[PDB]
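Enquirer: show me the folded form of this:
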Amino acid sequence: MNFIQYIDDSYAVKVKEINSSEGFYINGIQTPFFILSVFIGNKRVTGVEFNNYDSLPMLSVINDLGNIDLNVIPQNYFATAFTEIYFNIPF
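Expert: Numbering: from 1, shown residues only. Below, you will see the structure:
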């Protein structure tokens, strides 16, 4: 079970599954979102990156393992809705 934890526009934590066909990709959020964490095989992974989307803040948030505070990230870093994001997980 591969799934991502992300916050919507209203700063609410939600979980969405990942489609593993022809790679790892996510789409159809329907709202501005900021990806928080990625889980592959019911475990937390680090060192992931996007091969088509350039965004340092989400990479920095994902790669850190400790608990984070949602009061430090502004609305600027939020990605636009209906965005196709691909994952490159090391293995």
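
Enquirer: from here on, just use CA atoms for contacts and neighbour counts.
Expert: OK.

Enquirer: center of the protein, which residue is that?
Expert: residue 35 (2.8 Å; CA atoms, centre = their mean).

Enquirer: nearest residue to it other than its sequence neighbours?
Expert: Nearest non-adjacent residue to residue 35, counting by CA to CA, 6 or more residues apart in numbering: residue 6, 4.3 Å away.

Enquirer: residue 21: how many residues sit nearby?
Expert: 7 (other CA atoms under 10 Å).

Enquirer: if I look at it, how far off is residue 62?
Expert: Residue 21 is 22 Å from residue 62, where distance means CA to CA, to the nearest Å.

Enquirer: give me the buried positions along stretch 9-25.
Expert: Of all the residues in stretch 9-25, those buried under the rule 16 or more other CA atoms under 10 Å are 18, 25.

Enquirer: so which residues of the protein form helices?
Expert: Taking DSSP state H to define them, one finds helices in the chain at 56-63.

Enquirer: now do residue 36 against residue 59, distance only.
Expert: Distance from residue 36 to residue 59, counting by CA to CA: 9 Å.

Enquirer: so which of those two has more stuff around it?
Expert: More neighbours surround residue 36 than the other of residue 36 and residue 59, with 22 against 18 (other CA under 10 Å).

Enquirer: surely the more buried one touches residue 61?
Expert: Yes: in this structure, residue 36 is within contact of residue 61 by CA atoms under 8 Å, at 6.2 Å.

Enquirer: what sits in contact with each of these two?
Expert: Taking CA atoms under 8 Å, 6 or more residues apart in numbering as the contact criterion, residue 36 and residue 61 have no common neighbours.

Enquirer: what count of nearby residues applies to the residue nearest to residue 11 when sequence neighbours are not counted?
Expert: Leaving aside its sequence neighbours, residue 11 sits nearest to residue 70 (CA to CA, 6+ apart; 7.9 Å). Residue 70: 11 surrounding residues under other CA under 10 Å.
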